[PDB]
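The structure appears below as structure tokens.
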Amino acid sequence: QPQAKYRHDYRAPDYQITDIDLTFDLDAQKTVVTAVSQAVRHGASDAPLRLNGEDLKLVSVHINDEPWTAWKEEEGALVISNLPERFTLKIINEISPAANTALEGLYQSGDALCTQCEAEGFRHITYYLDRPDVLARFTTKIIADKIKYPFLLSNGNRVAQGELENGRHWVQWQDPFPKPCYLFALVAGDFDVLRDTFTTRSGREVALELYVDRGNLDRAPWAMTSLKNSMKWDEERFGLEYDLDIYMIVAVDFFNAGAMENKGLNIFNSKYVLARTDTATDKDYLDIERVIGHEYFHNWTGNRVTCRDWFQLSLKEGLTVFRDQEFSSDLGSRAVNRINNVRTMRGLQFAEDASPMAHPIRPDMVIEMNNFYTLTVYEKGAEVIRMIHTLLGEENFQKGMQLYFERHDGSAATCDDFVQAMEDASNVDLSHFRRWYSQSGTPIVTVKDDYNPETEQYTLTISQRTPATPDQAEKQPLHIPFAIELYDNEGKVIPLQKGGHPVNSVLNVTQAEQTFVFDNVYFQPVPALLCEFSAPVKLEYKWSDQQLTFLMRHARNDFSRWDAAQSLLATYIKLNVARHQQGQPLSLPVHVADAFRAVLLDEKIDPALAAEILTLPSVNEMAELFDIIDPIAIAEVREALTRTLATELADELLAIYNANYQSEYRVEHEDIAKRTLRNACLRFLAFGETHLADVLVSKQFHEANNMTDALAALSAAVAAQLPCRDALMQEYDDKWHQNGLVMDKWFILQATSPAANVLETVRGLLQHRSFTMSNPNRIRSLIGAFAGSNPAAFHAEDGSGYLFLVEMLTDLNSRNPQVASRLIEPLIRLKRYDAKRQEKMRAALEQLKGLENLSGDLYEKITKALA
Ligand SMILES: NCC[C@H](N)C(=O)O
Ligand code: NA
Ligand code: NA
Ligand code: NA
Ligand code: NA
Ligand code: NA
Ligand code: NA
Ligand code: NA
Ligand code: NA
Ligand SMILES: [Zn+2]
């Protein structure tokens, strides 16, 4: 019975709230909330005010200080009748932070109290218009025990404070910017604080404050550094300054998301704040940078301009993800960023778009809005903004940004508003392009080519289609920007032209079928196609091995070198999965191995690139290549391929490994790159002769002067099941058990182990001293990693994986439905698998469907999967 909501139902609110004054009398067992709201009727004069509320204990309702009699509580609501046109609403209610295991609303993180209000969490704090087109100026007074909660934080600036009898105190905050309530935050606790300053380019000095648990101040400076780098980049790239006087970040251990952009008071999962060279990898450092940037970039793309309704989520998320990618790419290695974002798109997002949960980047139907914080809305959303940037170019893109803020600053906007701004500013017609917002699924672009030596013309015949998805039976052609480059046989770019005029290298692929003709092609070209993954599409073109190795040697853009290597491997991945299914061992032509040898020995390739080419597609990227997924064949082919290259390239691998040794550890992009190349080599070296490999891996673990190098060694010992594995794993447990973020990496290694008894080990780990089901990070690192990242064990033929997940979800459905819904995702992909697997996955899903008190979050997914 939880009911679907539809985008086409959107209507302007009958009432607005312009100003809200909140008081919290804080206590873990019983918090008393007083909320005084100034309301204004915009709808019909007989329309009742309908407030949203969940798990609230209503104490009183007054209208202009009169105790109100004309109201009723109903499921999820408080409905107030017979109101004047303008009035003051006062609600007093109670809530219980300590009972809040779902971590939405006001809840407890360790000894702290903190909030999470996006999407619809504020209704768990008081009765309100909990929709993001209602924008109110907040004032927030917090009263609490001074010893337990010496810091009392909310949005904006401190405007008042006092002390009270019996050891209590209070602080009052005011945020001058109107905001939807999903941006409300409150934090109370006892913290260490790192304080710093950023001066904006126009000279405004912003006080920066990072609040962390006592004892964690040694892990704070990188996050502070990254915040300042974020603020500077946004000024340089987008012309945007911070708009308040104080920027607070609180790191908390118990958090369902990564982080949250609450105005002036961001709340982060401490996974995305805390780093020191002995605890955090280069990947953690760069994720901290990325997510600090992301929440900062929301200050404009989300906060100053917000979302009219939740179906417009991608208006803030695709754009803010695009911004975080551009930040990471400008500061770091653009190629490595782009590569990794492409791997995520093709390996994880394409899977979602082929699943029962498929939706467009602007959904049409939602049951539980927390189910739509997706790869699609985020990552595909950003690919869509990046297509706009491709079509318009940077200068016009920025004009469209400027026009967007000039029109929409201080309001709640739509995806369509943003596109209109881009189109009006640039004079590029985006009417057809808008179909990317409304249509789900991955287009498949098929390319055929012809060279005519008599006319000296190269003709590309490009076709597109998007297969139907369970949500949409009709699909139509998109406006696909399809970037090409043509190479002569010495590797020089052939100028693109037709009838004597230059032709843009971004082709407009707008029809089901079209041709593009290029003149003055004097010699048969080798094409690079879909350069920089210029659209989020599958490409079907029948490359020859030699065209691909030529691109690996000659392509001008680093991405194209990587991508060519991926197309080279895809053919042999597919070959060998079919072999595996018939009991046949790996077959790989000599010339393929040699193309990777050449990358190893090319001194002119950026190590950052070499490293990515020498990182094989993950099991998730390998799965995208197939209609039916054989997860056992894929996992075993991936290892066999790794062993084959390890044997054929052993000498070269060892030389490059040794040459990329660095005695100093720095978090600097060139150092990171060499280290990534080094550790790429290591993955293969772990599969050499057992005694060479065991010694080398073990040595790296024991002599590392940083967590990047130690984890890469530990991870190799696991992957190759080397004799040192058990000892190294026990040493890490002994050294690091008291540190959850660091033990997350060990839990992931256990969960993703190729060992025959992995499931047994993972079950035993539910009792490990560093694990608990009350913490979403731990849950995700052990259970979520087993189910989502070890598809070979999760899909064991005996069905033991599915039973284990059902067991875990039966607990989490009641405890924390959002983490439950993340964890169910592997089960909903059942139609990608063989019949016998499907049958057991359906049976698991039918069991979950019958749970008492089945959460809406799971219900929505289970219903789609079982259809
Ligand atoms: N689930 C993440 C929530 C937040 N609005 C962000 O974009 O990072
Ligand atoms: Na308002
Ligand atoms: Na109040
Ligand atoms: Na109610
Ligand atoms: Na800025
Ligand atoms: Na926002
Ligand atoms: Na860069
Ligand atoms: Na490719
Ligand atoms: Na996949
Ligand atoms: Zn975001």
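Here, A, B, ... name the chains of the structure tokens in the order displayed, residue numbers run from 1 inside each chain, and ligands are numbered from 1 in the same displayed order.
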
Shell of 8 Å around ligand 7 (only C-alpha atoms and all ligand atoms), written as an MDAnalysis selection string: chainID A and resid 328:334

Would you mind exporting the chosen residues as a PDB file, in the first residue's frame, restricted to N, CA, C and O atoms?
ATOM      1  N   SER A 328      38.052  18.258  -9.612  1.00  0.00           N
ATOM      2  CA  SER A 328      39.043  17.178  -9.568  1.00  0.00           C
ATOM      3  C   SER A 328      39.933  17.124 -10.817  1.00  0.00           C
ATOM      4  O   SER A 328      41.176  17.018 -10.696  1.00  0.00           O
ATOM      5  N   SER A 329      39.314  17.231 -11.990  1.00  0.00           N
ATOM      6  CA  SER A 329      40.038  17.214 -13.251  1.00  0.00           C
ATOM      7  C   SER A 329      40.982  18.409 -13.474  1.00  0.00           C
ATOM      8  O   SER A 329      42.075  18.205 -13.995  1.00  0.00           O
ATOM      9  N   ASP A 330      40.590  19.621 -13.046  1.00  0.00           N
ATOM     10  CA  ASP A 330      41.425  20.805 -13.192  1.00  0.00           C
ATOM     11  C   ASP A 330      42.590  20.706 -12.216  1.00  0.00           C
ATOM     12  O   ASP A 330      43.704  20.913 -12.621  1.00  0.00           O
ATOM     13  N   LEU A 331      42.356  20.333 -10.960  1.00  0.00           N
ATOM     14  CA  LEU A 331      43.430  20.246  -9.993  1.00  0.00           C
ATOM     15  C   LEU A 331      44.346  19.050 -10.206  1.00  0.00           C
ATOM     16  O   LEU A 331      45.554  19.126  -9.926  1.00  0.00           O
ATOM     17  N   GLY A 332      43.772  17.953 -10.685  1.00  0.00           N
ATOM     18  CA  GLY A 332      44.468  16.669 -10.772  1.00  0.00           C
ATOM     19  C   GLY A 332      44.703  16.242 -12.207  1.00  0.00           C
ATOM     20  O   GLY A 332      44.975  17.051 -13.092  1.00  0.00           O
ATOM     21  N   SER A 333      44.651  14.957 -12.421  1.00  0.00           N
ATOM     22  CA  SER A 333      44.803  14.382 -13.764  1.00  0.00           C
ATOM     23  C   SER A 333      43.443  14.336 -14.488  1.00  0.00           C
ATOM     24  O   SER A 333      42.559  13.558 -14.074  1.00  0.00           O
ATOM     25  N   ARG A 334      43.238  15.178 -15.502  1.00  0.00           N
ATOM     26  CA  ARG A 334      41.950  15.179 -16.166  1.00  0.00           C
ATOM     27  C   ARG A 334      41.704  13.743 -16.731  1.00  0.00           C
ATOM     28  O   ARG A 334      40.614  13.191 -16.581  1.00  0.00           O
TER      29      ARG A 334
END

Selection near residue 241 of chain A, 8 Å with only C-alpha atoms, sequence-local residues under 4 positions removed, as a PyMOL selection string: chain A and resi 200-201+231+234-235

Given the selection you just returned, output its residues as a file containing N, CA, C and O atoms, formatted as a compact mmCIF listing (two decimals), in the first residue's frame.
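As written to disk, again_36.txt reads:
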# COMPACT_ATOMS: atom_id res chain seq x y z
N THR A 200 37.88 35.75 0.27
CA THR A 200 37.33 35.60 -1.06
C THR A 200 38.04 36.60 -1.95
O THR A 200 38.71 37.52 -1.41
N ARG A 201 37.89 36.49 -3.26
CA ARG A 201 38.62 37.41 -4.13
C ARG A 201 38.16 38.88 -3.96
O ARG A 201 38.93 39.76 -4.29
N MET A 231 36.95 26.47 -2.61
CA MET A 231 36.41 27.83 -2.64
C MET A 231 37.18 28.65 -3.68
O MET A 231 36.62 29.40 -4.41
N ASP A 234 36.08 27.50 -7.29
CA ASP A 234 34.75 27.96 -7.74
C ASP A 234 34.79 29.44 -8.16
O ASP A 234 34.08 29.84 -9.08
N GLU A 235 35.65 30.24 -7.53
CA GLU A 235 35.85 31.58 -7.91
C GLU A 235 36.52 31.63 -9.29
O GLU A 235 36.04 32.35 -10.15

May I ask you to write as an NGL selection string all residues lying at most 6 Å from ligand 1, with only C-alpha atoms and all ligand atoms counted? :A and (257-260 or 317 or 373)

Tell me, counting only C-alpha atoms and all ligand atoms, for each residue of chain A within 12 Å of ligand 3, which pair of atoms is nearest and how far apart they are in Å to one decimal, in rows ordered by chain and increasing number, as JSON lines.
{"residue": "A:19", "atom": "CA", "partner": "ligand 3", "partner_atom_place_in_ligand_line": "1 (Na)", "distance": 11.0}
{"residue": "A:20", "atom": "CA", "partner": "ligand 3", "partner_atom_place_in_ligand_line": "1 (Na)", "distance": 7.8}
{"residue": "A:21", "atom": "CA", "partner": "ligand 3", "partner_atom_place_in_ligand_line": "1 (Na)", "distance": 4.5}
{"residue": "A:22", "atom": "CA", "partner": "ligand 3", "partner_atom_place_in_ligand_line": "1 (Na)", "distance": 3.7}
{"residue": "A:23", "atom": "CA", "partner": "ligand 3", "partner_atom_place_in_ligand_line": "1 (Na)", "distance": 4.0}
{"residue": "A:24", "atom": "CA", "partner": "ligand 3", "partner_atom_place_in_ligand_line": "1 (Na)", "distance": 7.6}
{"residue": "A:25", "atom": "CA", "partner": "ligand 3", "partner_atom_place_in_ligand_line": "1 (Na)", "distance": 10.1}
{"residue": "A:32", "atom": "CA", "partner": "ligand 3", "partner_atom_place_in_ligand_line": "1 (Na)", "distance": 10.4}
{"residue": "A:33", "atom": "CA", "partner": "ligand 3", "partner_atom_place_in_ligand_line": "1 (Na)", "distance": 7.6}
{"residue": "A:34", "atom": "CA", "partner": "ligand 3", "partner_atom_place_in_ligand_line": "1 (Na)", "distance": 4.7}
{"residue": "A:35", "atom": "CA", "partner": "ligand 3", "partner_atom_place_in_ligand_line": "1 (Na)", "distance": 4.6}
{"residue": "A:36", "atom": "CA", "partner": "ligand 3", "partner_atom_place_in_ligand_line": "1 (Na)", "distance": 5.2}
{"residue": "A:37", "atom": "CA", "partner": "ligand 3", "partner_atom_place_in_ligand_line": "1 (Na)", "distance": 8.6}
{"residue": "A:38", "atom": "CA", "partner": "ligand 3", "partner_atom_place_in_ligand_line": "1 (Na)", "distance": 11.6}
{"residue": "A:88", "atom": "CA", "partner": "ligand 3", "partner_atom_place_in_ligand_line": "1 (Na)", "distance": 11.5}
{"residue": "A:89", "atom": "CA", "partner": "ligand 3", "partner_atom_place_in_ligand_line": "1 (Na)", "distance": 10.6}
{"residue": "A:90", "atom": "CA", "partner": "ligand 3", "partner_atom_place_in_ligand_line": "1 (Na)", "distance": 8.1}
{"residue": "A:91", "atom": "CA", "partner": "ligand 3", "partner_atom_place_in_ligand_line": "1 (Na)", "distance": 8.8}
{"residue": "A:92", "atom": "CA", "partner": "ligand 3", "partner_atom_place_in_ligand_line": "1 (Na)", "distance": 8.8}
{"residue": "A:93", "atom": "CA", "partner": "ligand 3", "partner_atom_place_in_ligand_line": "1 (Na)", "distance": 11.3}
{"residue": "A:126", "atom": "CA", "partner": "ligand 3", "partner_atom_place_in_ligand_line": "1 (Na)", "distance": 11.4}
{"residue": "A:138", "atom": "CA", "partner": "ligand 3", "partner_atom_place_in_ligand_line": "1 (Na)", "distance": 10.1}
{"residue": "A:139", "atom": "CA", "partner": "ligand 3", "partner_atom_place_in_ligand_line": "1 (Na)", "distance": 8.1}
{"residue": "A:140", "atom": "CA", "partner": "ligand 3", "partner_atom_place_in_ligand_line": "1 (Na)", "distance": 7.2}
{"residue": "A:141", "atom": "CA", "partner": "ligand 3", "partner_atom_place_in_ligand_line": "1 (Na)", "distance": 7.0}
{"residue": "A:142", "atom": "CA", "partner": "ligand 3", "partner_atom_place_in_ligand_line": "1 (Na)", "distance": 9.5}
{"residue": "A:143", "atom": "CA", "partner": "ligand 3", "partner_atom_place_in_ligand_line": "1 (Na)", "distance": 11.2}
{"residue": "A:172", "atom": "CA", "partner": "ligand 3", "partner_atom_place_in_ligand_line": "1 (Na)", "distance": 10.3}
{"residue": "A:173", "atom": "CA", "partner": "ligand 3", "partner_atom_place_in_ligand_line": "1 (Na)", "distance": 11.6}

Residues of chain A that approach ligand 8 to 6 Å or less, counting only C-alpha atoms and all ligand atoms: could you list each one with the shortest pair of atoms and its distance in Å to one decimal, rows by chain and increasing residue number, as JSON lines?
{"residue": "A:563", "atom": "CA", "partner": "ligand 8", "partner_atom_place_in_ligand_line": "1 (Na)", "distance": 4.4}
{"residue": "A:564", "atom": "CA", "partner": "ligand 8", "partner_atom_place_in_ligand_line": "1 (Na)", "distance": 5.6}
{"residue": "A:566", "atom": "CA", "partner": "ligand 8", "partner_atom_place_in_ligand_line": "1 (Na)", "distance": 4.7}
{"residue": "A:567", "atom": "CA", "partner": "ligand 8", "partner_atom_place_in_ligand_line": "1 (Na)", "distance": 4.1}

Would you mind exporting N, CA, C and O atoms of the selected residues as a PDB file, in the first residue's frame?
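Result went into selection_25.pdb, see below:
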ATOM      1  N   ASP A 563      40.678   3.932 -23.915  1.00  0.00           N
ATOM      2  CA  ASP A 563      39.438   3.362 -24.406  1.00  0.00           C
ATOM      3  C   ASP A 563      39.715   2.294 -25.466  1.00  0.00           C
ATOM      4  O   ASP A 563      39.025   1.279 -25.527  1.00  0.00           O
ATOM      5  N   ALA A 564      40.694   2.579 -26.333  1.00  0.00           N
ATOM      6  CA  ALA A 564      41.097   1.598 -27.307  1.00  0.00           C
ATOM      7  C   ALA A 564      41.585   0.294 -26.662  1.00  0.00           C
ATOM      8  O   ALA A 564      41.266  -0.804 -27.121  1.00  0.00           O
ATOM      9  N   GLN A 566      40.561  -0.792 -23.856  1.00  0.00           N
ATOM     10  CA  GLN A 566      39.370  -1.444 -23.358  1.00  0.00           C
ATOM     11  C   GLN A 566      38.630  -2.185 -24.501  1.00  0.00           C
ATOM     12  O   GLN A 566      38.181  -3.305 -24.293  1.00  0.00           O
ATOM     13  N   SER A 567      38.546  -1.596 -25.679  1.00  0.00           N
ATOM     14  CA  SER A 567      37.899  -2.294 -26.764  1.00  0.00           C
ATOM     15  C   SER A 567      38.734  -3.532 -27.189  1.00  0.00           C
ATOM     16  O   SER A 567      38.160  -4.563 -27.551  1.00  0.00           O
TER      17      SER A 567
END
